[PDB]
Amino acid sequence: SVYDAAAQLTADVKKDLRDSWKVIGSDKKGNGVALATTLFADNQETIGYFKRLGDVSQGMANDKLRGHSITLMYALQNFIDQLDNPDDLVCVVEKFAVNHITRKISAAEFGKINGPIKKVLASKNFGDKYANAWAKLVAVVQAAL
């Protein structure tokens, strides 16, 4: 199933993911925080999962939130690095899903991250072409939830 979702990651999709990540991943703290705060802004209900982070309205200045946002970017870094080897991509995605499954985060709930990603990409001038490529990567993760 995850192997099948990974099949949608064509040469063109992997190329756009890599090119866009070259920029997005160059500032993990700034964009990581951008992603997290955008998620909470567009889907306030997702905040229910982050009680531990405390006052998320503080954004960047919130040490726990900042700590989570930076760390989040390294999971994406991991995924991008494994793109050329489906066997490694799959084992890394399934490993990643373990804790999110335990948190009872469904594929549908996880899919809510697509909006914030599209926005973060757009702030760096990466159009729909790139947003669609990223949604396909997220779909691989969704297949594991």
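The numbering used is simple: start at 1 and walk along the sequence shown.
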Item to complete: May I ask you to compare 105-113 and 74-82 by their mean CA B factor in the entry and name the higher one?
Response: 105-113
Item to complete: Would you tell me which stretch averages the higher CA B-factor in the PDB entry, 47-55 or 64-72?
Response: 47-55
Discussion item. Please place residue 133 in the lowest, middle or highest third of its chain according to the CA B-factor in the PDB entry.
Written reply: middle
Worksheet item: Compared with the other modelled residues in the chain, in which third is the CA B-factor of residue 7?
Response: highest
Worksheet item: Where does residue 139 sit by CA temperature factor within its chain: lowest, middle or highest third?
Response: middle
Item to complete: Please place residue 42 in the lowest, middle or highest third of its chain by C-alpha B factor as given in the entry.
Response: highest
Practice prompt. Among all modelled residues of this chain, ranked by Cα B factor, put residue 97 in the bottom, middle or top third, i.e. lowest, middle or highest.
Written response: highest
